[PDB]
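Trainee: PDB, C-alpha atoms (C1' of nucleotides) and all ligand atoms, file final-v3.pdb:
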ATOM      1  CA  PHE A  35       1.438  24.077  -2.662  1.00  0.00           C
ATOM      2  CA  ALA A  36       0.410  20.472  -3.295  1.00  0.00           C
ATOM      3  CA  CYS A  37      -2.501  18.910  -5.161  1.00  0.00           C
ATOM      4  CA  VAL A  38      -4.615  16.756  -2.875  1.00  0.00           C
ATOM      5  CA  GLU A  39      -3.488  13.522  -4.492  1.00  0.00           C
ATOM      6  CA  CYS A  40       0.235  14.368  -4.418  1.00  0.00           C
ATOM      7  CA  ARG A  41      -0.303  15.348  -0.794  1.00  0.00           C
ATOM      8  CA  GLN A  42      -1.849  11.919  -0.313  1.00  0.00           C
ATOM      9  CA  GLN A  43       1.159  10.054  -1.622  1.00  0.00           C
ATOM     10  CA  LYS A  44       3.528  12.694  -0.245  1.00  0.00           C
ATOM     11  CA  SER A  45       4.969  12.929  -3.704  1.00  0.00           C
ATOM     12  CA  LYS A  46       6.482  15.895  -5.492  1.00  0.00           C
ATOM     13  CA  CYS A  47       3.485  17.758  -6.898  1.00  0.00           C
ATOM     14  CA  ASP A  48       4.285  20.357  -9.533  1.00  0.00           C
ATOM     15  CA  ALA A  49       1.113  22.478  -9.713  1.00  0.00           C
ATOM     16  CA  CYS A  50       1.921  26.206  -9.580  1.00  0.00           C
ATOM     17  CA  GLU A  51       4.694  25.421 -12.034  1.00  0.00           C
ATOM     18  CA  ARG A  52       2.858  23.537 -14.811  1.00  0.00           C
ATOM     19  CA  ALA A  53       0.189  26.277 -15.023  1.00  0.00           C
ATOM     20  CA  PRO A  54      -3.584  25.810 -15.122  1.00  0.00           C
ATOM     21  CA  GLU A  55      -2.833  22.324 -16.376  1.00  0.00           C
ATOM     22  CA  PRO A  56      -3.532  19.774 -13.548  1.00  0.00           C
ATOM     23  CA  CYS A  57      -0.537  18.501 -11.552  1.00  0.00           C
ATOM     24  CA  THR A  58       1.795  16.234 -13.554  1.00  0.00           C
ATOM     25  CA  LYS A  59       1.372  13.039 -11.539  1.00  0.00           C
ATOM     26  CA  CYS A  60      -2.370  13.783 -11.670  1.00  0.00           C
ATOM     27  CA  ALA A  61      -1.814  13.370 -15.393  1.00  0.00           C
ATOM     28  CA  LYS A  62      -0.545   9.816 -15.451  1.00  0.00           C
ATOM     29  CA  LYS A  63      -3.481   9.228 -13.114  1.00  0.00           C
ATOM     30  CA  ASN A  64      -5.841  11.497 -14.992  1.00  0.00           C
ATOM     31  CA  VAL A  65      -7.843  12.504 -11.955  1.00  0.00           C
ATOM     32  CA  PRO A  66      -9.443  15.716 -10.649  1.00  0.00           C
ATOM     33  CA  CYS A  67      -6.367  17.612  -9.487  1.00  0.00           C
ATOM     34  CA  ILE A  68      -8.068  19.467  -6.610  1.00  0.00           C
ATOM     35  CA  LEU A  69      -6.293  22.131  -4.516  1.00  0.00           C
ATOM     36  CA  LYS A  70      -7.734  22.193  -0.985  1.00  0.00           C
ATOM     37  CA  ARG A  71      -5.031  24.074   0.950  1.00  0.00           C
ATOM     38  CA  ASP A  72      -6.683  22.720   4.101  1.00  0.00           C
ATOM     39  CA  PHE A  73      -6.176  19.033   3.156  1.00  0.00           C
ATOM     40  CA  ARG A  74      -4.220  16.377   5.047  1.00  0.00           C
ATOM     41  CA  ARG A  75      -3.430  12.891   3.663  1.00  0.00           C
ATOM     42  CA  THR A  76      -5.361   9.943   5.087  1.00  0.00           C
ATOM     43  CA  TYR A  77      -3.273   7.280   6.724  1.00  0.00           C
ATOM     44  CA  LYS A  78      -4.839   4.388   4.838  1.00  0.00           C
ATOM     45  CA  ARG A  79      -2.936   1.529   6.438  1.00  0.00           C
ATOM     46  CA  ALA A  80      -3.352   2.561  10.092  1.00  0.00           C
ATOM     47  CA  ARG A  81      -6.860   3.803   9.358  1.00  0.00           C
ATOM     48  CA  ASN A  82      -8.370   0.691   7.799  1.00  0.00           C
ATOM     49  CA  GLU A  83      -6.552  -1.179  10.554  1.00  0.00           C
ATOM     50  CA  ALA A  84      -8.605   0.699  13.121  1.00  0.00           C
ATOM     51  CA  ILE A  85     -11.742   0.201  11.010  1.00  0.00           C
ATOM     52  CA  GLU A  86     -11.296  -3.554  10.965  1.00  0.00           C
ATOM     53  CA  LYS A  87     -10.689  -3.595  14.698  1.00  0.00           C
ATOM     54  CA  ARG A  88     -13.893  -1.632  15.287  1.00  0.00           C
ATOM     55  CA  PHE A  89     -16.034  -3.559  12.813  1.00  0.00           C
ATOM     56  CA  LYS A  90     -14.780  -6.635  14.682  1.00  0.00           C
ATOM     57  CA  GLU A  91     -16.142  -5.925  18.168  1.00  0.00           C
ATOM     58  CA  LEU A  92     -19.507  -4.948  16.681  1.00  0.00           C
ATOM     59  CA  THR A  93     -19.795  -8.535  15.446  1.00  0.00           C
ATOM     60  CA  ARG A  94     -18.687  -9.893  18.834  1.00  0.00           C
ATOM     61  CA  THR A  95     -21.509  -7.657  20.105  1.00  0.00           C
ATOM     62  CA  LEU A  96     -23.938  -9.429  17.778  1.00  0.00           C
ATOM     63  CA  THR A  97     -22.434 -12.561  19.341  1.00  0.00           C
ATOM     64  CA  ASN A  98     -24.593 -11.464  22.265  1.00  0.00           C
ATOM     65  CA  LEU A  99     -27.305  -8.865  21.636  1.00  0.00           C
TER      66      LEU A  99
ATOM     67  CA  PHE B  35       8.077 -22.725  -3.026  1.00  0.00           C
ATOM     68  CA  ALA B  36       7.402 -19.342  -1.327  1.00  0.00           C
ATOM     69  CA  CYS B  37       7.377 -18.209   2.288  1.00  0.00           C
ATOM     70  CA  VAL B  38       3.981 -16.860   3.293  1.00  0.00           C
ATOM     71  CA  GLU B  39       5.196 -13.283   3.499  1.00  0.00           C
ATOM     72  CA  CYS B  40       6.984 -13.327   0.130  1.00  0.00           C
ATOM     73  CA  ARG B  41       3.818 -14.844  -1.260  1.00  0.00           C
ATOM     74  CA  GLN B  42       1.968 -11.928   0.278  1.00  0.00           C
ATOM     75  CA  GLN B  43       4.061  -9.298  -1.472  1.00  0.00           C
ATOM     76  CA  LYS B  44       4.507 -11.529  -4.518  1.00  0.00           C
ATOM     77  CA  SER B  45       8.193 -11.007  -4.134  1.00  0.00           C
ATOM     78  CA  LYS B  46      11.061 -13.335  -4.957  1.00  0.00           C
ATOM     79  CA  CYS B  47      11.329 -15.595  -1.908  1.00  0.00           C
ATOM     80  CA  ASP B  48      14.528 -17.602  -1.667  1.00  0.00           C
ATOM     81  CA  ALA B  49      13.709 -20.311   0.896  1.00  0.00           C
ATOM     82  CA  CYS B  50      14.759 -23.766  -0.338  1.00  0.00           C
ATOM     83  CA  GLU B  51      17.970 -22.101  -1.460  1.00  0.00           C
ATOM     84  CA  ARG B  52      19.147 -20.309   1.704  1.00  0.00           C
ATOM     85  CA  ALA B  53      18.713 -23.503   3.777  1.00  0.00           C
ATOM     86  CA  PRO B  54      16.996 -23.840   7.158  1.00  0.00           C
ATOM     87  CA  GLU B  55      17.678 -20.139   7.548  1.00  0.00           C
ATOM     88  CA  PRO B  56      14.364 -18.184   7.118  1.00  0.00           C
ATOM     89  CA  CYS B  57      13.711 -16.573   3.717  1.00  0.00           C
ATOM     90  CA  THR B  58      16.013 -13.620   2.946  1.00  0.00           C
ATOM     91  CA  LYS B  59      13.389 -10.876   2.742  1.00  0.00           C
ATOM     92  CA  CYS B  60      11.977 -12.374   5.959  1.00  0.00           C
ATOM     93  CA  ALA B  61      15.363 -11.376   7.323  1.00  0.00           C
ATOM     94  CA  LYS B  62      15.221  -7.655   6.699  1.00  0.00           C
ATOM     95  CA  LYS B  63      11.751  -8.012   8.194  1.00  0.00           C
ATOM     96  CA  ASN B  64      12.805 -10.467  10.861  1.00  0.00           C
ATOM     97  CA  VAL B  65       9.484 -12.264  11.008  1.00  0.00           C
ATOM     98  CA  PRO B  66       8.322 -15.880  11.357  1.00  0.00           C
ATOM     99  CA  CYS B  67       9.108 -17.217   7.895  1.00  0.00           C
ATOM    100  CA  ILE B  68       6.242 -19.745   7.743  1.00  0.00           C
ATOM    101  CA  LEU B  69       5.797 -22.218   4.863  1.00  0.00           C
ATOM    102  CA  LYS B  70       2.100 -23.045   4.397  1.00  0.00           C
ATOM    103  CA  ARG B  71       2.047 -24.536   0.887  1.00  0.00           C
ATOM    104  CA  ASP B  72      -1.720 -23.982   0.970  1.00  0.00           C
ATOM    105  CA  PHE B  73      -1.463 -20.182   1.457  1.00  0.00           C
ATOM    106  CA  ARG B  74      -2.790 -17.438  -0.816  1.00  0.00           C
ATOM    107  CA  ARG B  75      -1.980 -13.716  -0.395  1.00  0.00           C
ATOM    108  CA  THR B  76      -4.717 -11.455   0.966  1.00  0.00           C
ATOM    109  CA  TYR B  77      -5.793  -8.646  -1.333  1.00  0.00           C
ATOM    110  CA  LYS B  78      -5.456  -5.925   1.332  1.00  0.00           C
ATOM    111  CA  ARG B  79      -6.598  -2.964  -0.731  1.00  0.00           C
ATOM    112  CA  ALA B  80      -9.732  -4.519  -2.260  1.00  0.00           C
ATOM    113  CA  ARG B  81     -10.405  -6.371   0.978  1.00  0.00           C
ATOM    114  CA  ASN B  82     -10.404  -3.477   3.428  1.00  0.00           C
ATOM    115  CA  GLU B  83     -12.373  -1.633   0.763  1.00  0.00           C
ATOM    116  CA  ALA B  84     -15.115  -4.224   1.072  1.00  0.00           C
ATOM    117  CA  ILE B  85     -14.812  -4.136   4.870  1.00  0.00           C
ATOM    118  CA  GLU B  86     -15.376  -0.395   4.976  1.00  0.00           C
ATOM    119  CA  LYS B  87     -18.346  -0.712   2.658  1.00  0.00           C
ATOM    120  CA  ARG B  88     -19.882  -3.372   4.907  1.00  0.00           C
ATOM    121  CA  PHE B  89     -19.111  -1.641   8.196  1.00  0.00           C
ATOM    122  CA  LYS B  90     -20.825   1.372   6.596  1.00  0.00           C
ATOM    123  CA  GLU B  91     -24.306  -0.056   6.008  1.00  0.00           C
ATOM    124  CA  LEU B  92     -24.327  -1.529   9.518  1.00  0.00           C
ATOM    125  CA  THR B  93     -24.157   2.046  10.818  1.00  0.00           C
ATOM    126  CA  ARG B  94     -26.885   3.160   8.396  1.00  0.00           C
ATOM    127  CA  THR B  95     -28.774   0.229   9.949  1.00  0.00           C
ATOM    128  CA  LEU B  96     -28.231   1.729  13.396  1.00  0.00           C
ATOM    129  CA  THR B  97     -29.584   4.881  11.737  1.00  0.00           C
ATOM    130  CA  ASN B  98     -32.855   2.983  12.061  1.00  0.00           C
ATOM    131  CA  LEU B  99     -32.975  -0.029  14.386  1.00  0.00           C
TER     132      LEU B  99
ATOM    133  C1'  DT C   1      -1.677 -23.558  -9.613  1.00  0.00           C
ATOM    134  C1'  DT C   2       1.960 -20.514  -8.432  1.00  0.00           C
ATOM    135  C1'  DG C   3       6.502 -17.546  -8.925  1.00  0.00           C
ATOM    136  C1'  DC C   4       7.924 -12.679  -9.718  1.00  0.00           C
ATOM    137  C1'  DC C   5       8.791  -8.421 -12.569  1.00  0.00           C
ATOM    138  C1'  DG C   6       7.848  -3.730 -13.354  1.00  0.00           C
ATOM    139  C1'  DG C   7       5.172  -0.088 -11.568  1.00  0.00           C
ATOM    140  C1'  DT C   8       2.071   2.267  -8.198  1.00  0.00           C
ATOM    141  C1'  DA C   9       0.509   3.211  -3.444  1.00  0.00           C
ATOM    142  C1'  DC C  10       2.086   4.522   1.148  1.00  0.00           C
ATOM    143  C1'  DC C  11       4.653   6.587   4.757  1.00  0.00           C
ATOM    144  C1'  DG C  12       8.336   7.470   8.335  1.00  0.00           C
ATOM    145  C1'  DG C  13      11.139  11.162   8.938  1.00  0.00           C
ATOM    146  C1'  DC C  14      13.956  15.042   7.908  1.00  0.00           C
ATOM    147  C1'  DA C  15      13.953  18.915   6.769  1.00  0.00           C
TER     148       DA C  15
ATOM    149  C1'  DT D   1       2.272  23.796   9.197  1.00  0.00           C
ATOM    150  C1'  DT D   2       4.018  21.454   4.947  1.00  0.00           C
ATOM    151  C1'  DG D   3       6.947  19.569   0.771  1.00  0.00           C
ATOM    152  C1'  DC D   4       9.193  15.187  -0.506  1.00  0.00           C
ATOM    153  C1'  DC D   5      12.975  11.774  -0.660  1.00  0.00           C
ATOM    154  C1'  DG D   6      14.237   6.862   0.040  1.00  0.00           C
ATOM    155  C1'  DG D   7      12.435   2.648   1.205  1.00  0.00           C
ATOM    156  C1'  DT D   8       8.538  -0.634   1.826  1.00  0.00           C
ATOM    157  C1'  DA D   9       3.998  -2.535   0.801  1.00  0.00           C
ATOM    158  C1'  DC D  10       0.810  -4.032  -2.935  1.00  0.00           C
ATOM    159  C1'  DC D  11      -0.565  -6.007  -7.230  1.00  0.00           C
ATOM    160  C1'  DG D  12      -1.992  -6.463 -12.166  1.00  0.00           C
ATOM    161  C1'  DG D  13      -0.355  -9.535 -15.362  1.00  0.00           C
ATOM    162  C1'  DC D  14       2.604 -12.561 -17.883  1.00  0.00           C
ATOM    163  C1'  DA D  15       4.329 -16.179 -17.782  1.00  0.00           C
TER     164       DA D  15
HETATM  165 ZN    ZN A 101       0.531  17.098  -7.757  1.00  0.00          ZN
HETATM  166 ZN    ZN A 102      -2.166  17.287  -8.969  1.00  0.00          ZN
HETATM  167 ZN    ZN A 103      10.588 -15.485   1.145  1.00  0.00          ZN
HETATM  168 ZN    ZN A 104      10.467 -16.050   4.041  1.00  0.00          ZN
END
Take the structure in the file and give it back as structure tokens.
Ligand SMILES: [Zn+2]
Ligand SMILES: [Zn+2]
Ligand SMILES: [Zn+2]
Ligand SMILES: [Zn+2]
Mentor:
Amino acid sequence: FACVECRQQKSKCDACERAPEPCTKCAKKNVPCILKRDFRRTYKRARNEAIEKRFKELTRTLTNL
Amino acid sequence: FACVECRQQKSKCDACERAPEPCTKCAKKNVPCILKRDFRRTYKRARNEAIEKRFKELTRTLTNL
DNA sequence: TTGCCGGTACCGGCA
DNA sequence: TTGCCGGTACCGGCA
């Protein structure tokens, strides 16, 4: 299937192929090419966007309590 | 100089040139091509990264107070 | 102080 | 339930 990272960037991951050797892209990056079949990319943008929104209110809370 | 957005993505902005008409890239995007000579791109990545770190502690605070 | 290139990081969709 | 292309969004640096 796809190495976590490649799954993250939805980029062609060539694991199975290039044997025990970590995924190619994970080369250039030189990172732990993990294989968690049950992994699903994080939607960074949207995510952090939520984060910031949340973190906001909290302050506006401190604007009171 | 450079339209805020182009400044944001550090991308060639062609304002002065293409007259009163909003910057080109700001076309594809169709956004308010503002010109705030005193603007400086936000470092999204690094930024939000700080945010998250901060927002974290706060919770670990709530893990007490 | 400030413009942009050359190169990743991300992602919306389309299989 | 997923692999990935095609197209932005971001940025580290080098002027
Ligand atoms: Zn891979
Ligand atoms: Zn890999
Ligand atoms: Zn522009
Ligand atoms: Zn513009």
Trainee: Which polymer residues have any atom within 10 Å of an atom of residue C:8, counting only C-alpha atoms (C1' of nucleotides), with same-chain residues fewer than 2 positions away left out, as number ranges by chain?
Mentor: C: 6, 10; D: 10-11
Trainee: Nearest to chain B: which of A:46, A:94, A:79, A:71 is it, counting only C-alpha atoms?
Mentor: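 Result for the nearest residue to chain B: A:79.
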Trainee: Between atom CA of residue B:48 and atom CA of residue B:63, what is the distance, to one decimal in Å?
Mentor: 14.0 Å
Trainee: Within 9 Å of chain B, which residues of chain A are there when counting all atoms listed in the file? Please give them as a list in words.
Mentor: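 Close enough to count are residues 82, 83, 85, 86, 88 and 89 of chain A.
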Trainee: Keeping C-alpha atoms, export the residues of the selection given above as a compact mmCIF listing (two decimals), keeping the file's coordinate frame.
Mentor:
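For reference, result-v9.txt as written:
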# COMPACT_ATOMS: atom_id res chain seq x y z
CA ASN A 82 -8.37 0.69 7.80
CA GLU A 83 -6.55 -1.18 10.55
CA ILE A 85 -11.74 0.20 11.01
CA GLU A 86 -11.30 -3.55 10.96
CA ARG A 88 -13.89 -1.63 15.29
CA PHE A 89 -16.03 -3.56 12.81
Trainee: Enumerate, in order of chain and increasing residue number, the residues of chain A with an atom no farther than 12 Å from chain C, each with its shortest atom pair and distance in Å to one decimal, counting only C-alpha atoms (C1' of nucleotides), as JSON lines.
Mentor:
{"residue": "A:39", "atom": "CA", "partner": "C:9", "partner_atom": "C1'", "distance": 11.1}
{"residue": "A:40", "atom": "CA", "partner": "C:9", "partner_atom": "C1'", "distance": 11.2}
{"residue": "A:41", "atom": "CA", "partner": "C:10", "partner_atom": "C1'", "distance": 11.3}
{"residue": "A:42", "atom": "CA", "partner": "C:10", "partner_atom": "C1'", "distance": 8.5}
{"residue": "A:43", "atom": "CA", "partner": "C:10", "partner_atom": "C1'", "distance": 6.3}
{"residue": "A:44", "atom": "CA", "partner": "C:11", "partner_atom": "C1'", "distance": 8.0}
{"residue": "A:45", "atom": "CA", "partner": "C:10", "partner_atom": "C1'", "distance": 10.1}
{"residue": "A:59", "atom": "CA", "partner": "C:8", "partner_atom": "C1'", "distance": 11.3}
{"residue": "A:62", "atom": "CA", "partner": "C:8", "partner_atom": "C1'", "distance": 10.8}
{"residue": "A:63", "atom": "CA", "partner": "C:8", "partner_atom": "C1'", "distance": 10.2}
{"residue": "A:75", "atom": "CA", "partner": "C:11", "partner_atom": "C1'", "distance": 10.3}
{"residue": "A:76", "atom": "CA", "partner": "C:10", "partner_atom": "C1'", "distance": 10.0}
{"residue": "A:77", "atom": "CA", "partner": "C:11", "partner_atom": "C1'", "distance": 8.2}
{"residue": "A:78", "atom": "CA", "partner": "C:10", "partner_atom": "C1'", "distance": 7.8}
{"residue": "A:79", "atom": "CA", "partner": "C:10", "partner_atom": "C1'", "distance": 7.9}
{"residue": "A:80", "atom": "CA", "partner": "C:11", "partner_atom": "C1'", "distance": 10.4}
Trainee: Please expand the PyMOL selection byres (((not hetatm)) within 10 of (chain A and resi 102)) into the concrete residues it hits in this file, giving the result as a PyMOL selection string.
Mentor: chain A and resi 35-41+45-50+52+55-61+63-69
Trainee: Output as lines of an AutoDock Vina configuration file the centre and edge lengths (Å, one decimal) of the box along x, y and z of the file that holds every listed atom of chain D after adding 6 Å on each side.
Mentor:
center_x = 6.1
center_y = 3.8
center_z = -4.3
size_x = 28.2
size_y = 52.0
size_z = 39.1
Trainee: Which distance in Å separates atom CA of residue A:96 and atom CA of residue B:96, to one decimal?
Mentor: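 Computed distance, atom CA of residue A:96 to atom CA of residue B:96, equals 12.7 Å.
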